[PDB]
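Two versions of one and the same chain are coming, encoded as structure tokens; call them structure 1 and structure 2.
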Structure 1
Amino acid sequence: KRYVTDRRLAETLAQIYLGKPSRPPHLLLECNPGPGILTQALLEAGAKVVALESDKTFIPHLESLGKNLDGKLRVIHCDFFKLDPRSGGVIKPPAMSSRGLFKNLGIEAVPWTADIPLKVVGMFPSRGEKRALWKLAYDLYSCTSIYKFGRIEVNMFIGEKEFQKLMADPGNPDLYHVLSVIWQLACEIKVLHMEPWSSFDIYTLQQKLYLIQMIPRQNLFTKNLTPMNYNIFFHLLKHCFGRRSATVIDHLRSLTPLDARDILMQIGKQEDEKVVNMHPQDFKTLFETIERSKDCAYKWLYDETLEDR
């Protein structure tokens, strides 16, 4: 399991997470503090740090350093990918609900237009990066789990192979697919550091991990785009990218009874517009122009029965 254990630029990441000096002591939900050196470097900044850890085997070190810092380090045993578990009743100490976190820390829900209340740092899984992107994206479009509590920024390491797969635009036809459009509409990626594999000593073909700082965008939800009908938009994206060489007309003749030529005339994109050459904002406004059509009643054919057959 990948764990940060080198003092190289740990103060630099600390100054990254400091932000504005006039800000109050800002909560840092560090995910998997294995060695605890990064947690110590974060505590050197002076702001409050909350540790969320999946490795309970080496648990006493974090709280033992926590009492030395007069309770700044409120260590609570939890794994970040396992908040609000999946069809599970009995809450085990590895996996627990987000309401438990936010009742223990006293911090509460804010409206979506309000300022950022919270910061998360941590790892993606070594292999399950795509799935964990999907967990965070599902929790972001459906404002549940962490993102019910506000516009939660989350800053983490990303793999090189899946980085430009998330930063892709019209262009790069080999690697431009659903997760790029799904994230980039509300994500605000800025690359903070470009560290190679050598410093990342995994605790017991170079891979260069980039810091992507996911921030939800305020202008995500509209009258047409709601946290109710986000699965319809997700199905639009994956159906459109199922046949990459096909055009928007081909996919929307199968997606809606609406004439796709008229919708593309409204959006401003031509009839020969290919899927891989269409902007991620254009997907969203395509969804919004289909959604606001009021003359017809049946606007989409997607339903949860398309989960199987």
Structure 2
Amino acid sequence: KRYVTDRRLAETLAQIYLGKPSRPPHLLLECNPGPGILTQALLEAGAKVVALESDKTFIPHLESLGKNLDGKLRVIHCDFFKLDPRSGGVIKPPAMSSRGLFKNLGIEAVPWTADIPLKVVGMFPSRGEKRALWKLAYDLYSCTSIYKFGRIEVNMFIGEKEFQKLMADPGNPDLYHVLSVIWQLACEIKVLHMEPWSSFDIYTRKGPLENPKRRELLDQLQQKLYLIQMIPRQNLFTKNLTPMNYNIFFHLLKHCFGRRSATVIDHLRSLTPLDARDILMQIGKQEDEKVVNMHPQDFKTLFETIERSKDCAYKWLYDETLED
């Protein structure tokens, strides 16, 4: 898919991800090393590499080129995608479970309120980025799967088209979406470095791409890739927004953006059997506002102000029957 063949970006990215290298816990988890020049670059800078290479080929090369040094590759056949399989998982050589990757390294578990335990770097897939963000978001809000332990840092690369919709504000009317609310609410995001398409080498399953026409055709688009750093906010999970009731909030965001050119009054009438004016002047806003004119924080404000009215038992009008 996407691999690097330039030493300049290798050294620059090694200095960027270096930061403070004093990490007595587990240090690096590269999503897909490939050729592995980034691995030797990180070993050169004083950082360990744990190659989670998805492809079954090039597995022994990293360990044969890395076991002799004090910094150890410890190559494990897995991927940073395709983990914790549900309704399955009896046999899995490409994919592999969650606890197996951590009993082989000895992280065990820490609470959510602790410091940053690990650091995971790599790529998003070329297509299906939204599915990956949805799987990561469900793992984040469920406090299960990978994020069962304390926290994580999941610095990756993301495309510009999805970066524009990854975070948005009140305003930006064309691009304000549900994931824009979810990803700002869950983690704080900082941008670190900018990259072109032409620097990356296009790669296939059999080997590197040998067609100049194909790589020139893909480079003529020149999508500006973006290094993004998710860090989870310490007090995301609260008494109102619990990790067992998040799917109702996901329903609220999906329905409230279902009719985009509308008002909060109508959606709240369709959703809750409560007077929506009471909630709207309880949080401090007025009646005639439009849904493309609210903060991401205002959604959590509305959602958390709904629940504490314990006088009325029927409050949400959403069940598992709506999942279909």
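Note that the rigid core is defined as the largest set of C-alphas that superpose within 1.5 Å between two forms. Throughout, residue numbering runs from 1 along the sequence of structure 1.
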Core fit, then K284 C-alpha moves 2 Å or more between the two structures: no
Could the core-superposed CA displacement of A47 between the two structures be given in angstrom, to one decimal? 2.6
Superpose on the rigid core and then read off how far the CA of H26 has moved between the two structures, in Å. 4.6
With both forms fitted on the core, how large is the C-alpha shift of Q164 between the two structures in Å? 1.5
